[PDB]
Structures are given as structure tokens and as C-alpha cells.
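A.B. asks: Here the protein sequences line up with chains A and B, keeping their order.
Quick note on numbering: the first sequence equals residues 111 to 131 in full-length UniProt numbering.
Quick note on numbering: the second sequence equals residues 29 to 178 in full-length UniProt numbering.
Just so it is clear, CB atoms sit at the ideal spot from N, CA and C, and this is done for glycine as well.
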Amino acid sequence: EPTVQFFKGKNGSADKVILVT
Amino acid sequence: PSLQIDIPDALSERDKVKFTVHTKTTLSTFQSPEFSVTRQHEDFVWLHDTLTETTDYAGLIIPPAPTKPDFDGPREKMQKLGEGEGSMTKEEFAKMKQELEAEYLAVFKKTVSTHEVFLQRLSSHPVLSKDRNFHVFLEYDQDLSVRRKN
């Protein structure tokens, strides 16, 4: 049911995922 | 450098995986110098198969289609993780949720890479980068569902 959202890291930041409510 | 594509983010929803396809171009063959669309994995598969089944393109070095990302594992763990929230302690819930996020992260990084490289290889190809369907894939705002059915 929920969705998982991914974000590419920019400016040296680390890529991460977010569990969406 | 006239046609540059990247994937800044991605999303797993139910059994579908959506990619944000971001394009920066100096070519006036595109309506806008910068634009983004949403594409499912199925759209990538459709793009590749459409190129390969173009008889004029038969023989061309067509880059391989990205494989389907596997979120079945993480999706099962996540939902079953969710049911036990009331029962579960409030200390280990974040423990294996963080471990679950890390599992999603591993899959995402890999599949985003494969999908992005697929598009970047198409952009550098002198014949394929001018293809009508490749153009549609990058620029067409709406969902590709109907154009994949006709």
C-alpha cells in the first residue's frame, strides 16, 4: 500500500530512500 | 552535450516503479531546452523493443534494455513490518525499518543506474537519438499506456 521514494544525491550528498506516509 | 539525460529520482509504488526522466538539450528539435517526464519500467522495455523491431534499425548496435527491478522482497518485508507496529517494540521497529530502507536503497541505486545508462547510450547514438519514439519517451507529458496499446 505505501510507496517508497528514492532520491539521487547531489553535491556530494548520499542517495537515500523515503518511506511515504 | 546537445542531448543530456539523467534520472534524479525514482519511486516504488505497489508493483510499479516510476522513474523521473530529466533532459537538458540545446537541440531545437525538442520543444523545450529543459523538461522532465514520468516513465515506468514498462516504458523503457517498450522503447527498446520498438527500436529493435524497426526494420531499418536491424543491425545497429542497440544498447540492451534495462532489466526489471526486483522490489518483491523489500515490499513483502516492509508491509509485514508495518502490521507488527503495534506489537513491535518502539526500539527495534526503527532498527529493521532502517535495515529495510537500506535494502530499498541497494535496489534503487542499481536499477536507476541501468535505466539511466540505457538512455544516455541512446542519446549518443547518431541514428537512435533522432528516433521518433525516443523523442516521445523523453518529451510526451501524459502516460504512455495508450500509445503502448495501439
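Helix, strand or coil, according to DSSP, for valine 174(B) in the structure here?
C.D. replies: Against the second sequence, residue 174(B) aligns to sequence position 146. Correct three-state label for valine 174(B): coil.
A.B. asks: For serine 141(B) and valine 49(B), I'd like the C-alpha separation in whole angstroms.
C.D. replies: Taking the second sequence and counting its residues from 1, one reaches residue 141(B) at position 113. Taking the second sequence and counting its residues from 1, one reaches residue 49(B) at position 21. Distance between the alpha carbons of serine 141(B) and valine 49(B) is about 12 Å.
A.B. asks: List, in order along the chain, the chain B residues whose C-beta lies closer than 7 Å to that of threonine 113(A)?
C.D. replies: Your numbering for residue 113(A) matches position 3 in the first sequence. Neighbours of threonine 113(A) on chain B, chain order: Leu39, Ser40, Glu41.
A.B. asks: Please tell me whether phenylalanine 136(B) has its Cβ less than 8 Å away from any Cβ of chain A.
C.D. replies: In the second sequence, the residue the question calls residue 136(B) occupies position 108. Yes - at least one Cβ of chain A is within 8 Å of the one on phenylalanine 136(B).
A.B. asks: For a test of the three-state rule: what should DSSP assign to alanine 134(B), helix, strand or coil?
C.D. replies: By 1-based counting over the second sequence, the position of residue 134(B) is 106. Reduced to three states, the DSSP call for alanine 134(B) is helix.
A.B. asks: Secondary structure at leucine 147(B), three-state DSSP: helix, strand or coil?
C.D. replies: Residue 147(B) sits at position 119 when you count from the first residue of the second sequence. Reduced to three states, the DSSP call for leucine 147(B) is helix.
A.B. asks: Does the beta carbon of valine 140(B) sit closer than 8 Å to a beta carbon anywhere in chain A?
C.D. replies: Residue mapping note: residue 140(B) aligns to position 112 of the second sequence, counting from 1. Judged by the 8 Å Cβ criterion, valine 140(B) is in contact with chain A.
A.B. asks: Can you have a look at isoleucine 128(A) and say buried or exposed, based on whether 16 or more other CB atoms are within 10 angstroms of its CB?
C.D. replies: Locating residue 128(A) in the first sequence gives position 18, where the first residue counts as 1. Exposed.
A.B. asks: Taking contact to mean 3 or more Cβ pairs, one atom from each stretch, closer than 8 Å, check whether the region 54-70 of chain B and the region 100-118 of chain B are in contact.
C.D. replies: At 8 Å Cβ cutoff, the stretches do not touch.
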